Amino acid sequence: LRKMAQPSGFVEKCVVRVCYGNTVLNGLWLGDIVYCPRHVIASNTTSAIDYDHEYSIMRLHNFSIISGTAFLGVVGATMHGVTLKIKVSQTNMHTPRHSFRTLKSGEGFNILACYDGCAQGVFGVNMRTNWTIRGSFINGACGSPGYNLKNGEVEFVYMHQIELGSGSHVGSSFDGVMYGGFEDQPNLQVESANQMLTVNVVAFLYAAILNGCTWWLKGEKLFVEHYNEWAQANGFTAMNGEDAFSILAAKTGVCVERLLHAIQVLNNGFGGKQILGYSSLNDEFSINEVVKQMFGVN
């Protein structure tokens, strides 16, 4: 069981460099629009930014947009939430089939980490319950896109915006809505406490059974409402959609509630043993990742 990214080839062709005055970051070129964070036009980030004022003084000739080696001709730019839509005169002939989607709590996606208009890394990640992610971004990563591949099309779900004081990372949907409601402002912002994604830990243990790792499995069941009471006080999400696990419960013969029991126990530590090579419960893998990696089903 390995955490994988979906391939990045369709997305790489859309990444561009967006320069405005004294700032450089990344943009996403789809059709004749380049999407990027609006804070690229902020002329002074020492203190609170009045983005209406910044937009009113914005001058189109201060933009430079580069795709690989070619300059794109900027013809207009409008502000939408915390993003800019920059109209260029060239159409990206490598625009993939795509849509835009806003992630829900816990949902998996892929980050293409880009610098200077060029992709440098790719990884799978989950939107955490506090609406941040643990990216690896350093300065210059803003505008890096997050995406999912689904039925032959690219769902664009994340545009990188800011790093919080804690080191956690916040982006926006491509509608311009910042995840978690955080502001593109210079001052300190603090995220809510993270919660372990219970549905993913369940999938993790099903994966463990399927690979023969069963030293932790016991016959006792913990009822869902009894588990949810425990979760609320111990930093775990509640259990929902138990039906979703039916394919895994059938193939293993282990009901969900026996794994809820194991979570409550295994949270106190593994005692030196390892589950699939991990020394603590892992919440990285969704049910769909587990069935895909072990069976080839989507």
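From 1 onward, residues are counted along the sequence shown.
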Q.
If you average the CA temperature factors as listed in the entry, which stretch comes out higher, 264 to 272 or 34 to 42?
A. 264 to 272
Q) Which wins on mean Cα temperature factor, 231 to 239 or 65 to 73? A) 231 to 239
Q | Top residue by Cα temperature factor, when 160, 85, 101, 226 are compared in the entry | A | 226
Q.
Quiz for you: based on the deposited Cα B-factor, which of 168, 211, 92, 189 is highest?
A. 211
**Q.** Assigned third (lowest, middle, highest) for the C-alpha B factor of residue 55
**A.** middle
Q.
Ranking every modelled residue in this chain by its Cα temperature factor as given in the entry, which third contains residue 23?
A. lowest
Q.
Using the temperature factors of the C-alpha atoms in this entry, rank residue 151 within its chain: lowest, middle or highest third.
A. highest
Q. Looking at the C-alpha B-factor of residue 97, is it in the lowest, middle or highest third of its chain?
A. middle
Q. What third of its chain's C-alpha B-factors does residue 204 belong to: lowest, middle or highest?
A. middle
